[PDB]
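Both blocks below hold the same protein chain, though in two forms, and each is given as structure tokens: structure 1 and structure 2.
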Structure 1
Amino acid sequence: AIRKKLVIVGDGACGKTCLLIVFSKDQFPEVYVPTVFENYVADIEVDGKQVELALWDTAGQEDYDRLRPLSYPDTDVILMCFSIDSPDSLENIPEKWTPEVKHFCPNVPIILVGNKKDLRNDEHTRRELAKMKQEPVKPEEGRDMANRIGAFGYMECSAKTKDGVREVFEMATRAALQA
């Protein structure tokens, strides 16, 4: 079995940790706690290949910017996230996360991920986003961003409903399996 390293980044509170815990621990973290950095492991198979996926969680919090580069070395694939219920975290994709990742992980496959897909059609979310005259991110917007920053691919998911979770990691693994 092969070992591959996956690192996940993106705005704070956009769902990185819940996504990793659901996939590696089969559970959904109940309470929110800003991440410093943590490391998990998980098994997965794609195209008939056993791969041990090393999952590096990082801080989305600005205040922890200084620790992030400690996780980037020897990365095989990157999951760059934003929340579908936050257009702001989307704008931070090309404004912050992309430049940083391409500086620390040159030529490393980037999978653009849009978390909290289950909020896309949530009234409370639509109502609250309406106040700032915004609306949940549309799939087209995510795709454009993926192409714009030259990602390996785009994938939407919800750690809450589990929808898309699998696809996110099968795509990331394939990416980490290129050559």
Structure 2
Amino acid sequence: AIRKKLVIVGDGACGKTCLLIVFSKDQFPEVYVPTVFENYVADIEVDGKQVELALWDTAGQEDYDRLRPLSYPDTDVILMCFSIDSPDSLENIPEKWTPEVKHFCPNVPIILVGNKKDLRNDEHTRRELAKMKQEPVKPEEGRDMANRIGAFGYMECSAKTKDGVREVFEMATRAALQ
């Protein structure tokens, strides 16, 4: 087994902590959802290759520009997260998170991940967004942003239902191996 490091980046409410918790526990916690994620070393087997994938979150570091880059050393794959119920979190990707990740992690593959995909079919979500002349992020808007920033690929998931979660981490492991 080879050791690879994964770091998840994105705005405060992009759902990155929930994504890491759901994958590491291998289910959506029923009794209590933790506020924070410390670290985790996942045992993954993708395309016949065994990898130890260390998982890290940057939640809480969004306002601290000198503390945050300390999470970046020796990263092998970056998951760049946005929330599908938050079109404003998508516009922060190209001129805030992308220049930072390319400066501290040159040549590291970035996977753009659209979280909370279940909220695309939520009535309360659609009503609250329509009040600000907005709508949930469309699949083509996510793909176009991933293409524009030079992402390795574009993927969607739902930590709430676990749909697409396992696929995101298996693809991140494949990206870290290249």
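Residue indices: 1-based, along structure 1. In this text, the rigid core denotes the largest set of C-alpha atoms whose superposition between the two forms falls within 1.5 Å.
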Of structures 1 and 2, the one that is the form solved in complex with 4-[(3S)-piperidin-3-yl]-1H-indole (ZA9): 2
Of the candidates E123, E140, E62, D47, the only Cα that travels 2 Å or more between the two structures, given a rigid-core fit: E62
Core superposition between the two structures, C-alpha change of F28 at least 2 Å: yes
Shift of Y154 between the two structures at or above 2 Å (CA, core fit): no
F37 CA shift between the two structures in angstrom, with the core used for superposition: 7.4
Rigid core superposed, the C-alpha shift at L6 between the two structures in Å: 0.3
